[PDB]
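Pasting structure.pdb here (PDB, C-alpha atoms):
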ATOM      1  CA  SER A   2       1.744  23.795 -18.228  1.00  0.00           C
ATOM      2  CA  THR A   3       0.586  20.218 -18.033  1.00  0.00           C
ATOM      3  CA  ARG A   4       3.812  19.127 -19.766  1.00  0.00           C
ATOM      4  CA  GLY A   5       5.758  20.805 -16.944  1.00  0.00           C
ATOM      5  CA  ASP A   6       3.564  19.006 -14.404  1.00  0.00           C
ATOM      6  CA  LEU A   7       4.336  15.702 -16.046  1.00  0.00           C
ATOM      7  CA  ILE A   8       8.092  16.486 -16.158  1.00  0.00           C
ATOM      8  CA  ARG A   9       7.920  17.416 -12.409  1.00  0.00           C
ATOM      9  CA  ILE A  10       6.104  14.255 -11.422  1.00  0.00           C
ATOM     10  CA  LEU A  11       8.452  11.974 -13.429  1.00  0.00           C
ATOM     11  CA  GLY A  12      11.414  13.813 -11.910  1.00  0.00           C
ATOM     12  CA  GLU A  13      10.149  13.419  -8.309  1.00  0.00           C
ATOM     13  CA  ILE A  14       9.420   9.655  -8.799  1.00  0.00           C
ATOM     14  CA  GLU A  15      12.926   9.177 -10.256  1.00  0.00           C
ATOM     15  CA  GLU A  16      14.464  11.018  -7.334  1.00  0.00           C
ATOM     16  CA  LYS A  17      12.687   8.838  -4.731  1.00  0.00           C
ATOM     17  CA  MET A  18      13.527   5.690  -6.764  1.00  0.00           C
ATOM     18  CA  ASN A  19      17.178   6.744  -6.759  1.00  0.00           C
ATOM     19  CA  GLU A  20      17.086   7.536  -2.991  1.00  0.00           C
ATOM     20  CA  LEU A  21      15.729   4.015  -2.298  1.00  0.00           C
ATOM     21  CA  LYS A  22      18.213   2.239  -4.616  1.00  0.00           C
ATOM     22  CA  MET A  23      21.130   4.068  -2.939  1.00  0.00           C
ATOM     23  CA  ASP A  24      19.866   2.755   0.433  1.00  0.00           C
ATOM     24  CA  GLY A  25      19.865  -0.856  -0.868  1.00  0.00           C
ATOM     25  CA  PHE A  26      16.161  -1.112  -1.685  1.00  0.00           C
ATOM     26  CA  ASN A  27      14.585  -2.299  -4.950  1.00  0.00           C
ATOM     27  CA  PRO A  28      11.655   0.048  -5.745  1.00  0.00           C
ATOM     28  CA  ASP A  29       8.951  -1.996  -7.545  1.00  0.00           C
ATOM     29  CA  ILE A  30       5.617  -0.237  -6.930  1.00  0.00           C
ATOM     30  CA  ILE A  31       4.253   3.293  -6.478  1.00  0.00           C
ATOM     31  CA  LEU A  32       1.040   3.568  -4.415  1.00  0.00           C
ATOM     32  CA  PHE A  33      -1.305   6.433  -5.501  1.00  0.00           C
ATOM     33  CA  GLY A  34      -4.056   8.183  -3.476  1.00  0.00           C
ATOM     34  CA  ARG A  35      -7.390   8.590  -5.248  1.00  0.00           C
ATOM     35  CA  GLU A  36      -6.905  12.315  -6.012  1.00  0.00           C
ATOM     36  CA  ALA A  37      -3.217  11.697  -6.955  1.00  0.00           C
ATOM     37  CA  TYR A  38      -4.168   8.951  -9.427  1.00  0.00           C
ATOM     38  CA  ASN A  39      -6.883  11.009 -11.059  1.00  0.00           C
ATOM     39  CA  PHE A  40      -4.490  13.939 -11.422  1.00  0.00           C
ATOM     40  CA  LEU A  41      -1.774  11.829 -13.117  1.00  0.00           C
ATOM     41  CA  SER A  42      -4.382   9.978 -15.214  1.00  0.00           C
ATOM     42  CA  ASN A  43      -5.796  13.248 -16.534  1.00  0.00           C
ATOM     43  CA  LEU A  44      -2.320  14.461 -17.337  1.00  0.00           C
ATOM     44  CA  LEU A  45      -1.418  11.264 -19.202  1.00  0.00           C
ATOM     45  CA  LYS A  46      -4.711  11.122 -21.145  1.00  0.00           C
ATOM     46  CA  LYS A  47      -4.026  14.715 -22.261  1.00  0.00           C
ATOM     47  CA  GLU A  48      -0.310  14.296 -23.018  1.00  0.00           C
ATOM     48  CA  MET A  49      -0.321  10.784 -24.485  1.00  0.00           C
ATOM     49  CA  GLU A  50      -3.636  11.335 -26.265  1.00  0.00           C
ATOM     50  CA  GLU A  51      -4.625   7.826 -25.085  1.00  0.00           C
ATOM     51  CA  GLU A  52      -7.671   6.729 -23.062  1.00  0.00           C
ATOM     52  CA  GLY A  53      -5.920   4.771 -20.267  1.00  0.00           C
ATOM     53  CA  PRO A  54      -6.162   3.299 -17.658  1.00  0.00           C
ATOM     54  CA  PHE A  55      -2.511   3.819 -16.604  1.00  0.00           C
ATOM     55  CA  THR A  56      -0.787   0.969 -14.810  1.00  0.00           C
ATOM     56  CA  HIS A  57       2.962   1.888 -14.892  1.00  0.00           C
ATOM     57  CA  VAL A  58       5.027   5.024 -14.541  1.00  0.00           C
ATOM     58  CA  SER A  59       8.822   5.381 -14.322  1.00  0.00           C
ATOM     59  CA  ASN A  60       9.359   1.641 -14.929  1.00  0.00           C
ATOM     60  CA  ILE A  61       7.375   0.694 -11.781  1.00  0.00           C
ATOM     61  CA  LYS A  62       3.835  -0.563 -11.244  1.00  0.00           C
ATOM     62  CA  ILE A  63       0.997   1.825 -10.149  1.00  0.00           C
ATOM     63  CA  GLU A  64      -1.277   0.479  -7.410  1.00  0.00           C
ATOM     64  CA  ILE A  65      -4.057   2.482  -5.715  1.00  0.00           C
ATOM     65  CA  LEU A  66      -4.147   3.110  -2.017  1.00  0.00           C
ATOM     66  CA  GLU A  67      -7.157   5.507  -2.016  1.00  0.00           C
ATOM     67  CA  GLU A  68      -6.396   7.003   1.425  1.00  0.00           C
ATOM     68  CA  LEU A  69      -3.112   8.612   0.293  1.00  0.00           C
ATOM     69  CA  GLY A  70      -5.165  11.474  -1.174  1.00  0.00           C
ATOM     70  CA  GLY A  71      -3.091  13.805  -3.405  1.00  0.00           C
ATOM     71  CA  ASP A  72       0.135  11.879  -2.493  1.00  0.00           C
ATOM     72  CA  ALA A  73       1.907   8.803  -3.776  1.00  0.00           C
ATOM     73  CA  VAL A  74       4.430   6.467  -2.062  1.00  0.00           C
ATOM     74  CA  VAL A  75       7.234   4.644  -3.889  1.00  0.00           C
ATOM     75  CA  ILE A  76       7.875   1.353  -2.112  1.00  0.00           C
ATOM     76  CA  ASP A  77      10.073  -1.740  -2.127  1.00  0.00           C
ATOM     77  CA  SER A  78       7.129  -4.150  -1.576  1.00  0.00           C
ATOM     78  CA  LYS A  79       9.398  -7.085  -0.720  1.00  0.00           C
ATOM     79  CA  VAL A  80      10.834  -5.409   2.412  1.00  0.00           C
ATOM     80  CA  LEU A  81       8.047  -3.010   3.251  1.00  0.00           C
ATOM     81  CA  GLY A  82       7.273  -3.494   6.996  1.00  0.00           C
ATOM     82  CA  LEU A  83      10.496  -5.464   7.570  1.00  0.00           C
ATOM     83  CA  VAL A  84      13.136  -2.758   6.987  1.00  0.00           C
ATOM     84  CA  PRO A  85      12.369   0.890   7.877  1.00  0.00           C
ATOM     85  CA  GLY A  86      12.823   3.347   5.008  1.00  0.00           C
ATOM     86  CA  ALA A  87      11.285   1.072   2.314  1.00  0.00           C
ATOM     87  CA  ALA A  88       8.768   3.840   1.459  1.00  0.00           C
ATOM     88  CA  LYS A  89       9.236   7.403   0.107  1.00  0.00           C
ATOM     89  CA  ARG A  90       6.283   9.768  -0.192  1.00  0.00           C
ATOM     90  CA  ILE A  91       5.751  12.387  -2.829  1.00  0.00           C
ATOM     91  CA  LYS A  92       3.072  15.046  -3.318  1.00  0.00           C
ATOM     92  CA  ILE A  93       1.466  14.550  -6.748  1.00  0.00           C
ATOM     93  CA  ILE A  94      -1.199  17.239  -6.785  1.00  0.00           C
ATOM     94  CA  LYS A  95      -0.171  20.887  -7.492  1.00  0.00           C
TER      95      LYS A  95
ATOM     96  CA  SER B   2      -8.046 -25.488  13.679  1.00  0.00           C
ATOM     97  CA  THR B   3      -9.371 -22.579  11.692  1.00  0.00           C
ATOM     98  CA  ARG B   4     -10.485 -20.920  14.950  1.00  0.00           C
ATOM     99  CA  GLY B   5      -6.865 -21.103  16.145  1.00  0.00           C
ATOM    100  CA  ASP B   6      -5.732 -19.589  12.840  1.00  0.00           C
ATOM    101  CA  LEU B   7      -8.137 -16.723  13.303  1.00  0.00           C
ATOM    102  CA  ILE B   8      -7.014 -16.196  16.936  1.00  0.00           C
ATOM    103  CA  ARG B   9      -3.347 -16.188  15.709  1.00  0.00           C
ATOM    104  CA  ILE B  10      -3.983 -13.685  12.953  1.00  0.00           C
ATOM    105  CA  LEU B  11      -5.971 -11.308  15.219  1.00  0.00           C
ATOM    106  CA  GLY B  12      -3.218 -11.612  17.825  1.00  0.00           C
ATOM    107  CA  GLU B  13      -0.411 -10.803  15.337  1.00  0.00           C
ATOM    108  CA  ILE B  14      -2.311  -7.745  13.930  1.00  0.00           C
ATOM    109  CA  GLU B  15      -2.897  -6.483  17.495  1.00  0.00           C
ATOM    110  CA  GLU B  16       0.764  -6.928  18.325  1.00  0.00           C
ATOM    111  CA  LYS B  17       1.934  -4.910  15.284  1.00  0.00           C
ATOM    112  CA  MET B  18      -0.755  -2.259  15.982  1.00  0.00           C
ATOM    113  CA  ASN B  19       0.538  -1.985  19.545  1.00  0.00           C
ATOM    114  CA  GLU B  20       4.195  -1.819  18.350  1.00  0.00           C
ATOM    115  CA  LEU B  21       3.289   1.094  16.024  1.00  0.00           C
ATOM    116  CA  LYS B  22       1.224   2.982  18.645  1.00  0.00           C
ATOM    117  CA  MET B  23       4.105   2.711  21.153  1.00  0.00           C
ATOM    118  CA  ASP B  24       6.395   4.300  18.521  1.00  0.00           C
ATOM    119  CA  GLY B  25       3.998   7.267  18.091  1.00  0.00           C
ATOM    120  CA  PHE B  26       2.226   6.052  14.956  1.00  0.00           C
ATOM    121  CA  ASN B  27      -1.535   5.805  14.368  1.00  0.00           C
ATOM    122  CA  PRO B  28      -2.212   2.489  12.560  1.00  0.00           C
ATOM    123  CA  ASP B  29      -5.224   2.997  10.235  1.00  0.00           C
ATOM    124  CA  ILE B  30      -4.924   0.423   7.430  1.00  0.00           C
ATOM    125  CA  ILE B  31      -3.673  -3.138   6.896  1.00  0.00           C
ATOM    126  CA  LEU B  32      -2.532  -3.969   3.338  1.00  0.00           C
ATOM    127  CA  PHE B  33      -3.148  -7.630   2.287  1.00  0.00           C
ATOM    128  CA  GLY B  34      -1.426  -9.655  -0.480  1.00  0.00           C
ATOM    129  CA  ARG B  35      -3.746 -11.582  -2.789  1.00  0.00           C
ATOM    130  CA  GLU B  36      -3.058 -14.991  -1.178  1.00  0.00           C
ATOM    131  CA  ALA B  37      -3.179 -13.415   2.339  1.00  0.00           C
ATOM    132  CA  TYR B  38      -6.588 -11.840   1.664  1.00  0.00           C
ATOM    133  CA  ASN B  39      -8.066 -15.025   0.270  1.00  0.00           C
ATOM    134  CA  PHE B  40      -6.796 -16.971   3.277  1.00  0.00           C
ATOM    135  CA  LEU B  41      -8.349 -14.549   5.811  1.00  0.00           C
ATOM    136  CA  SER B  42     -11.540 -14.255   3.723  1.00  0.00           C
ATOM    137  CA  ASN B  43     -11.994 -18.027   3.694  1.00  0.00           C
ATOM    138  CA  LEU B  44     -11.425 -18.154   7.417  1.00  0.00           C
ATOM    139  CA  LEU B  45     -13.962 -15.396   8.101  1.00  0.00           C
ATOM    140  CA  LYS B  46     -16.612 -16.850   5.755  1.00  0.00           C
ATOM    141  CA  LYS B  47     -16.237 -20.159   7.637  1.00  0.00           C
ATOM    142  CA  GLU B  48     -16.115 -18.709  11.164  1.00  0.00           C
ATOM    143  CA  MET B  49     -18.631 -15.876  10.807  1.00  0.00           C
ATOM    144  CA  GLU B  50     -20.904 -17.928   8.553  1.00  0.00           C
ATOM    145  CA  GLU B  51     -21.271 -14.783   6.394  1.00  0.00           C
ATOM    146  CA  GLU B  52     -20.586 -14.320   2.667  1.00  0.00           C
ATOM    147  CA  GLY B  53     -18.268 -11.268   2.810  1.00  0.00           C
ATOM    148  CA  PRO B  54     -16.461  -9.377   1.330  1.00  0.00           C
ATOM    149  CA  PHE B  55     -14.398  -8.362   4.400  1.00  0.00           C
ATOM    150  CA  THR B  56     -13.294  -4.751   4.647  1.00  0.00           C
ATOM    151  CA  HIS B  57     -12.101  -4.343   8.297  1.00  0.00           C
ATOM    152  CA  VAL B  58     -10.197  -6.413  10.809  1.00  0.00           C
ATOM    153  CA  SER B  59      -8.910  -5.405  14.259  1.00  0.00           C
ATOM    154  CA  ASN B  60     -10.583  -1.970  14.045  1.00  0.00           C
ATOM    155  CA  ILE B  61      -8.557  -1.012  10.927  1.00  0.00           C
ATOM    156  CA  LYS B  62      -9.399  -0.932   7.228  1.00  0.00           C
ATOM    157  CA  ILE B  63      -8.326  -3.794   4.859  1.00  0.00           C
ATOM    158  CA  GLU B  64      -6.879  -2.670   1.523  1.00  0.00           C
ATOM    159  CA  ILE B  65      -5.378  -5.016  -1.095  1.00  0.00           C
ATOM    160  CA  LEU B  66      -1.838  -4.718  -2.303  1.00  0.00           C
ATOM    161  CA  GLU B  67      -1.798  -7.913  -4.447  1.00  0.00           C
ATOM    162  CA  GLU B  68       2.019  -8.179  -4.584  1.00  0.00           C
ATOM    163  CA  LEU B  69       2.375  -8.810  -0.825  1.00  0.00           C
ATOM    164  CA  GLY B  70       1.486 -12.462  -1.480  1.00  0.00           C
ATOM    165  CA  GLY B  71       0.780 -14.426   1.738  1.00  0.00           C
ATOM    166  CA  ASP B  72       1.781 -11.364   3.876  1.00  0.00           C
ATOM    167  CA  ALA B  73       0.034  -8.282   5.178  1.00  0.00           C
ATOM    168  CA  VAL B  74       1.443  -4.889   6.302  1.00  0.00           C
ATOM    169  CA  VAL B  75      -0.110  -2.730   9.030  1.00  0.00           C
ATOM    170  CA  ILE B  76       0.554   0.912   8.195  1.00  0.00           C
ATOM    171  CA  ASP B  77       0.058   4.462   9.439  1.00  0.00           C
ATOM    172  CA  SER B  78      -1.007   5.794   5.995  1.00  0.00           C
ATOM    173  CA  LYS B  79      -0.642   9.438   7.040  1.00  0.00           C
ATOM    174  CA  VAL B  80       3.128   9.160   7.665  1.00  0.00           C
ATOM    175  CA  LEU B  81       3.985   6.242   5.433  1.00  0.00           C
ATOM    176  CA  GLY B  82       7.018   7.333   3.319  1.00  0.00           C
ATOM    177  CA  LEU B  83       7.697  10.351   5.561  1.00  0.00           C
ATOM    178  CA  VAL B  84       8.756   8.639   8.813  1.00  0.00           C
ATOM    179  CA  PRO B  85      10.596   5.279   8.699  1.00  0.00           C
ATOM    180  CA  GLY B  86       8.941   2.500  10.700  1.00  0.00           C
ATOM    181  CA  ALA B  87       5.341   3.394   9.685  1.00  0.00           C
ATOM    182  CA  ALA B  88       4.856  -0.180   8.374  1.00  0.00           C
ATOM    183  CA  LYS B  89       4.953  -3.592  10.134  1.00  0.00           C
ATOM    184  CA  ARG B  90       4.725  -6.811   8.137  1.00  0.00           C
ATOM    185  CA  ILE B  91       3.083 -10.014   9.205  1.00  0.00           C
ATOM    186  CA  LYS B  92       2.852 -13.454   7.594  1.00  0.00           C
ATOM    187  CA  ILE B  93      -0.833 -14.380   7.206  1.00  0.00           C
ATOM    188  CA  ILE B  94      -0.641 -17.733   5.458  1.00  0.00           C
ATOM    189  CA  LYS B  95       0.212 -20.875   7.522  1.00  0.00           C
TER     190      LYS B  95
END
Is it possible to give me this structure as structure tokens?
Amino acid sequence: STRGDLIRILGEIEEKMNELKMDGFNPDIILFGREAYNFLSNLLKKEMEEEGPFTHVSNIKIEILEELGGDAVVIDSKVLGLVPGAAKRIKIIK
Amino acid sequence: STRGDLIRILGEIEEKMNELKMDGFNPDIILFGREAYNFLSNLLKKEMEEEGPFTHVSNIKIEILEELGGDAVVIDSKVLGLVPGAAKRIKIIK
């Protein structure tokens, strides 16, 4: 069920956002692999019945990092590389 | 001296690459902010007397994450978001 897939993905992003916030981070961006982005884009085109492109999800900004493949990484971009733990990975593709 | 600036930047990237390798990571990508990328691009156009665009530095792949501003972040993209410490930030702009 593509609706279930969208509910799952929104739920996992929210969970990683919450995990980061609890640690003192401010999640601002989610990096998507090429395959991950295509997967979510297809889902949102189908579900929203809109053409895209899609630039935000879960109140944060989508940016592409092609090499992440079927995964995405929620980050606090202000402290990424200065404080360990500023990144949380999730698997987007089935 | 723009040559000195290039020597500095290559030296800082190498240092963060080495720091990551010593920790067990495999640095594969360096994320550049918009201002950081422009700065390095201008330097390399001047020094290499080539037009660009520039896609690799220090044996790793350049990818843009616009929001990093005048900074760049060396990452191990395979474990980013799974193991803390997979990212090291550097300040590119003067």
Test item: chain A residues at most 8 Å from chain B, counting all atoms listed in the file, as a PyMOL selection string: chain A and resi 64+66+68-69+74-75+78-79+81-90
A:92, A:77, A:42, A:6 ranked by distance to residue 25 of chain A, top pick (using only C-alpha atoms):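 The answer is A:77, which sits nearest to residue 25 of chain A.
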Gap from atom CA of residue 93 of chain A to atom CA of residue 52 of chain A - Å, one decimal: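 If I compute the distance from atom CA of residue 93 of chain A to atom CA of residue 52 of chain A, I get 20.3 Å.
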Residue among B:31, B:41, B:54, B:71 lying closest to residue 15 of chain B, counting only C-alpha atoms: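 Of the candidates, the smallest distance to residue 15 of chain B is held by B:31.
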Chain and number of each residue from the PyMOL selection byres ((chain B and resi 61) around 8), as a ChimeraX atom specification: /B:28-31,57-60,62-63
Coordinates-based distance that separates atom CA of residue 44 of chain B from atom CA of residue 94 of chain B (Å, one decimal):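 Going from atom CA of residue 94 of chain B over to atom CA of residue 44 of chain B, I get 11.0 Å.
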All residues 10 Å or closer to residue 4 of chain A, only C-alpha atoms, same chain fewer than 5 positions away omitted, as a list in words: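 The filter keeps residues 9, 10, 44, 45, 47 and 48 of chain A.
Computed from the coordinates, the atom CA of residue 27 of chain A to atom CA of residue 11 of chain A distance equals 17.7 Å.
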Nearest-residue call for residue 3 of chain A, choices A:26, A:20, A:55, A:46, using all atoms listed in the file: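 Closest to residue 3 of chain A of all the choices is A:46.
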Give me the box for segment 46-50 of chain A as AutoDock Vina command-line options, namely the centre and edge lengths in Å to one decimal of a box along x, y and z that holds every listed atom plus 6 Å on each side.
--center_x -2.5 --center_y 12.7 --center_z -23.7 --size_x 16.4 --size_y 15.9 --size_z 17.1
